[PDB]
Structure formats: C-alpha cells, structure tokens
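Have a look at the structure below before the remarks.
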There are 2 protein chains.
Amino acid sequence: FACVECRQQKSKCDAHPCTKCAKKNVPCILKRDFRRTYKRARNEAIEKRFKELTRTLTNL
Amino acid sequence: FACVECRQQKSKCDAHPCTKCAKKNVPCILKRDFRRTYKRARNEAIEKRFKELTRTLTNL
DNA sequence: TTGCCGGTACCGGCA
DNA sequence: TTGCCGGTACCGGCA
Ligand SMILES: [Zn+2]
Ligand SMILES: [Zn+2]
Ligand SMILES: [Zn+2]
Ligand SMILES: [Zn+2]
C-alpha cells in the first residue's frame, strides 16, 4: 500500500523505506490505517477557534 | 514592484491586475509596504499557543 | 529592502 | 476505501 508520508502528500509511493522518504530521510511508517491531514483547512479551523477564544477573553 | 498576492507566493509578477491574479481572479492590490506571511511556521505558532491554552483549561 | 527561481508541500479529483 | 496525477501554494535562498 502507501507509506504514511506519501499518503499525506498523496504522492506515488514505492514500498510494499520508500523512495520519497529517502530524499527526506524520515521515518517511513506503514500504518495501513493512516489518513492524511488536510493541513490547510485544518489550521484554518484552529485559527478560527483560536480567535473565538480572544473574543471570549475580552469578555471574562 | 510586486502585487500583494505574488509577493506572498514569491512569484514573478507582471504589473507596474497582474497575470497570476488573473488565473486566480482576485483583488490584485499594490501595497508597496506589504510583506508575505510565512503560513507554515505561523500556523505552527498558533497551534502551539493554542495548545498551551488547553493545558491551562485542564488547570483552572 | 525586495523580486523570483528552483524545489517541496498540499490537494481536488478521478479513477 | 485508497493510490496518485496534474496543478497550486509555499519558501529557502541568491541575488
Ligand atoms: Zn512512500
Ligand atoms: Zn515512505
Ligand atoms: Zn502579480
Ligand atoms: Zn496581482
């Protein structure tokens, strides 16, 4: 299947340490139950929720 | 000089609406005093600071 | 102080 | 329930 890192970048993975994880020299894990993180949107949520906090601090 | 958007992506900008801002159809502002945001690192800070908050909630 | 190249990081979709 | 292309978004540096 696909290595954790490749799954994240959705890049072709040559395992079953994968090639890409080479150029990066990182822990090439094989977690068949891993699902990439949608960084962008994610951090968007965070920053949004983080904001609410301040508008809460300015009210307590 | 460079349009706000191009500065952000540090891409060649053809203004002085720029080309890129076309393919994107966005507000091609010319803010000579604008400086890109280092998204990555930035959101990193946010998420880190955001974290401290929870370890503070679990203590108040 | 500021423009952009060359090179990853991310992702919308389409299988 | 996934692998990955094709196309941006981001940036480390080098001017
Ligand atoms: Zn891989
Ligand atoms: Zn790998
Ligand atoms: Zn531009
Ligand atoms: Zn522009």
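Lettering and numbering for the structure tokens are positional, with chains as A, B, ... in the shown order, residues counted from 1 in each chain, and ligands counted from 1 in the shown order.
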12 Å contact set for residue C:13, only C-alpha atoms (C1' of nucleotides), chain neighbours under 4 positions out, as a short mmCIF file (atom, residue, chain, number, x, y, z; two decimals) with C-alpha atoms (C1' of nucleotides), in the first residue's frame:
data_model
loop_
_atom_site.label_atom_id
_atom_site.label_comp_id
_atom_site.auth_asym_id
_atom_site.auth_seq_id
_atom_site.Cartn_x
_atom_site.Cartn_y
_atom_site.Cartn_z
"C1'" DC D 4 -1.71 9.34 -7.31
"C1'" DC D 5 -1.60 12.79 -11.37
"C1'" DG D 6 -1.72 17.50 -12.62
"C1'" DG D 7 -1.91 21.86 -10.81
#
* Looking only at alpha helix (DSSP H) from DSSP on the backbone, list the matching residues of chain B as a VMD selection string. => chain B and resid 4 to 9 20 to 23 39 to 57
* Could I get the residue neighbourhood of ligand 1 at 6 Å, counting only C-alpha atoms (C1' of nucleotides) and all ligand atoms, as an MDAnalysis selection string? => chainID A and resid 2:3 6 13:14 18 20
* **chain B contacts on chain D, only C-alpha atoms (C1' of nucleotides), 9 Å, as a PyMOL selection string** => chain D and resi 9-11
Next, write the just-selected residues to a file, as a PDB file, in the first residue's frame, keeping N, CA, C and O atoms (P, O5', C5', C4', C3', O3' and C1' of nucleotides) as the atom set.
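Saved file selection36.pdb follows:
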ATOM      1  P    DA D   9      -2.671  29.019  -5.769  1.00  0.00           P
ATOM      2  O5'  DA D   9      -1.858  28.259  -4.616  1.00  0.00           O
ATOM      3  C5'  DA D   9      -2.532  27.325  -3.753  1.00  0.00           C
ATOM      4  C4'  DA D   9      -1.761  27.093  -2.471  1.00  0.00           C
ATOM      5  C3'  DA D   9      -1.212  28.359  -1.830  1.00  0.00           C
ATOM      6  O3'  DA D   9      -1.051  28.116  -0.439  1.00  0.00           O
ATOM      7  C1'  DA D   9       0.570  27.047  -2.603  1.00  0.00           C
ATOM      8  P    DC D  10      -0.738  29.330   0.533  1.00  0.00           P
ATOM      9  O5'  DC D  10       0.735  29.046   1.032  1.00  0.00           O
ATOM     10  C5'  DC D  10       1.564  28.195   0.290  1.00  0.00           C
ATOM     11  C4'  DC D  10       2.752  27.768   1.107  1.00  0.00           C
ATOM     12  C3'  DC D  10       3.544  28.905   1.739  1.00  0.00           C
ATOM     13  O3'  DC D  10       4.231  28.393   2.893  1.00  0.00           O
ATOM     14  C1'  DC D  10       4.742  27.997  -0.114  1.00  0.00           C
ATOM     15  P    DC D  11       4.980  29.391   3.892  1.00  0.00           P
ATOM     16  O5'  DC D  11       6.491  28.952   3.742  1.00  0.00           O
ATOM     17  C5'  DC D  11       6.986  28.698   2.444  1.00  0.00           C
ATOM     18  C4'  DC D  11       8.461  28.384   2.452  1.00  0.00           C
ATOM     19  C3'  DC D  11       9.383  29.490   2.939  1.00  0.00           C
ATOM     20  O3'  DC D  11      10.616  28.832   3.228  1.00  0.00           O
ATOM     21  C1'  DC D  11       9.594  29.252   0.587  1.00  0.00           C
TER      22       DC D  11
END
* **Distance filter 10 Å around ligand 2, atoms: only C-alpha atoms (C1' of nucleotides) and all ligand atoms, out as a list in words** =>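 The residues near ligand 2 are residues 2, 3, 4, 5, 6, 7, 11, 12, 13, 14, 15, 16, 17, 18, 19, 20, 21, 22, 24, 25, 26, 27, 28, 29 and 30 of chain A.
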* To do: Considering only C-alpha atoms, extract the chain A residues located within 7 Å of chain B and return them as a PyMOL selection string.
  => chain A and resi 43+46-47+50
Store the residues picked out above in a file with N, CA and C atoms, as a JSON list (two decimals), in the first residue's frame.
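File result_9.json, as written:
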[["chain", "number", "residue", "atom", "x", "y", "z"],
["A", 43, "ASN", "N", -5.71, 23.92, 9.91],
["A", 43, "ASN", "CA", -5.17, 25.09, 10.56],
["A", 43, "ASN", "C", -6.16, 26.22, 10.46],
["A", 46, "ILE", "N", -8.44, 25.68, 13.41],
["A", 46, "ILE", "CA", -7.67, 26.08, 14.57],
["A", 46, "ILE", "C", -7.66, 27.59, 14.74],
["A", 47, "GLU", "N", -7.13, 28.29, 13.76],
["A", 47, "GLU", "CA", -7.05, 29.74, 13.85],
["A", 47, "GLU", "C", -8.40, 30.37, 14.11],
["A", 50, "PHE", "N", -9.27, 29.48, 17.67],
["A", 50, "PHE", "CA", -8.33, 30.22, 18.47],
["A", 50, "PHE", "C", -8.87, 31.63, 18.63]]
* **Between atom CA of residue A:35 and atom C1' of residue D:1 - distance in Å to one decimal** =>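 A separation of 10.8 Å between them.
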* Asked: So what do you get for atom 1 (Zn, counted along the ligand's line) of ligand 3 versus atom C1' of residue D:15, distance-wise?
  ->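 Separation between atom 1 (Zn, counted along the ligand's line) of ligand 3 and atom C1' of residue D:15: 19.8 Å.
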